[PDB]
Amino acid sequence: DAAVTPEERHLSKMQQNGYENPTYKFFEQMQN
Amino acid sequence: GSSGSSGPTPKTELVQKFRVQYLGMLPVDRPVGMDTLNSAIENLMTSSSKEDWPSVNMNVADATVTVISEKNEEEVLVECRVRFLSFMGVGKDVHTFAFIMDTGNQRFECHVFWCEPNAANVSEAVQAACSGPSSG
């Protein structure tokens with residue numbers, strides 16, 4: 001299994017996994 | 001009956017800046033959520049047109065995401081502080097990039113954009129802004 005593009009990952013990642021800003025600190029509910 | 005508030009002002013610093021497009025503003029429910037974001041991109045996508053999306057300038061500093069008019073430079077459009085920012089990602093196309101921001105109350109607004117080619121640099125300048133995978 002070859003390694004795909006590095007950047008693409010950063011994107012593909014967000015496209016799904018996305019991104020949750022921690023600094024925000026959303027009262028209640030402690031992200032796993 | 002009474003109230004008051006105040007705040008400091010920004011200074012002069014080298015900003016990354018990122019010329020892109022403005023899909024528009026899409027309403028959301030939660031401050032986070034993938035289906036909550038995509039929905040926007042999708043909404044705006046169909047909602048407005050591709051050519052409709054005006055040209056803007058996404059300012060990305062140490063930890064601040066501001067949308068200043070393309071033409072004017074002293075004409076802010078959207079002030080998304082990496083601190084305020086809650087969620088951010090892309091839709092079905094990496095060429096797009098949306099993010100949720102808390103204006104004040106529990107209310108949350110999402111701002112999509114059209115980067116070219118992809119939104120790797122943009123999202124990057126944002127992801128890194130938030131904090132990134134340890135830069136220092």
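Cβ coordinates were reconstructed from backbone atoms using ideal geometry, including for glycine residues, and neighbour counts include every protein chain displayed. Here, each number is a calculation from the coordinates, and none is a lab measurement.
Filter the GluC sites (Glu not before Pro) in segment B:1-78 down to the DSSP loop ones having no more than 16 other Cβ atoms within 10 Å, then list what survives. Don't skip to the answer; put the middle values down first.
On the way: sites: B:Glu13, B:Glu42, B:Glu51, B:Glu70, B:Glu73, B:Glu74, B:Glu75; in loops: B:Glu13, B:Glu51, B:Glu70, B:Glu73, B:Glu74, B:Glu75.
Qualifying residues, ordered by number: B:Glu13, B:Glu51, B:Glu70, B:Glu73, B:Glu74, B:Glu75.
Let's see if you can work this out: charge +1 on each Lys and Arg Cβ, -1 on each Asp and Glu Cβ, no other charges. What is the dipole magnitude of chain B about its Cα centre, in debye to the nearest 20?
Numbers: 10 positive and 17 negative charges, 50 e Å.
The calculation lands at about 240 debye.
Mind giving me the nanometre distance, one decimal, between the label points for B:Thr103 and B:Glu73, set 7 Å out from Cα along Cα→Cβ?
Placing both labels 7 Å along Cα→Cβ, they lie 2.9 nm apart.
Under 16 Å from the Cα of B:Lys17, which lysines turn up, not counting those fewer than eight places away in the same chain?
Correct list for B:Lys17: B:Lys71.
I need the phi-derived Karplus couplings for segment B:77-94: 6.51 cos²θ - 1.76 cosθ + 1.60, θ = phi - 60°, integer Hz, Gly and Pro marked x.
Using θ = phi - 60°, the values come out as 10, 9, 9, 9, 7, 2, 6, 6, 2, 10, 10, 6, x, 10, x, 8, 10, 5 Hz.
Mean-square fluctuation check for chain B, GNM, Cα pairs under 10 Å: which of B:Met34, B:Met88, B:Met45 is largest?
With Cα springs under 10 Å in chain B, the top fluctuation among B:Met34, B:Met88, B:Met45 is at B:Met34.
For segment B:44-51, in order, what is each residue's ³J(HN,Hα) by Karplus, 6.51 cos²θ - 1.76 cosθ + 1.60 with θ = phi - 60°, in whole Hz (x at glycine and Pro)?
3, 2, 5, 2, 7, 9, 6, 6
Per residue of B:118-125, what is the mean number of Cβ atoms on other protein chains within 10 angstrom of that residue's Cβ? Write out the running numbers ahead of the final one.
Working: counts 4, 4, 8, 2, 1, 7, 4, 0.
Partner-chain Cβ atoms within 10 Å, mean over residues of B:118-125: 4.
Would you give the gap between the C-alpha center of chain A and the C-alpha center of segment B:1-18, rounded to a whole Å?
About 28 Å separates the Cα centre of chain A from the one of segment B:1-18.
Show me the GluC sites (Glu not before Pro) within chain A that DSSP assigns to loop and that have at most 11 other Cβ atoms within 10 Å of their Cβ. If you can, show how the numbers build up before the last one.
On the way: sites: A:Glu7, A:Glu8, A:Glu20, A:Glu28; in loops: A:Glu28.
Of the GluC sites (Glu not before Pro), the ones in loops of chain A whose Cβ has at most 11 other Cβ atoms within 10 Å are A:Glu28.
At a Cα cut-off below 19 Å, give the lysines reachable from A:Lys13, other chains included and same-chain residues fewer than 8 away excluded.
B:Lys92
Using R₀ = 35 Å, calculate the FRET efficiency as 1/(1 + (r/R₀)^6) where r is the Cβ-Cβ separation of B:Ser5 and A:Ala2; round to 0.05. Write down the numbers at each step before the final one.
Details: r = 56 Å, r/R0 = 1.59.
Once rounded, the FRET efficiency stands at 0.05.
Hey, got the average number of other protein chain Cβ atoms within 10 angstrom for residues in A:17-30?
Counting other chains' Cβ atoms within 10 Å and averaging over A:17-30 gives 6.
Work out the length of the dipole vector of the protein assembly as shown about its Cα centre, built from +1 on the beta-carbon of each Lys and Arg and -1 on the beta-carbon of each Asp and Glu, and round it to the nearest 20 debye.
Details: 13 positive and 22 negative charges, 62 e Å.
The dipole of the protein assembly as shown has a size of about 300 debye.
Any idea which of B:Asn57, B:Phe97, B:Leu85 is furthest toward the positive side of the dipole for segment B:49-136, if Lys and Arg beta-carbons carry +1 and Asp and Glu beta-carbons -1?
B:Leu85
If amide hydrogens are placed 1.01 Å from N in the peptide plane, which non-local residues have theirs closer than 5 Å to the one on B:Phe87?
Here the answer is A:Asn21, B:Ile100, since their amide H atoms fall under 5 Å of that of B:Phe87.
Taking the dipole about the Cα centre of the protein assembly as shown, with the C-beta of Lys and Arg at +1 and of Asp and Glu at -1, give me whichever of B:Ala129, B:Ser39, B:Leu26 is farthest to the positive side.
The one lying farthest along the dipole's positive direction is B:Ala129.
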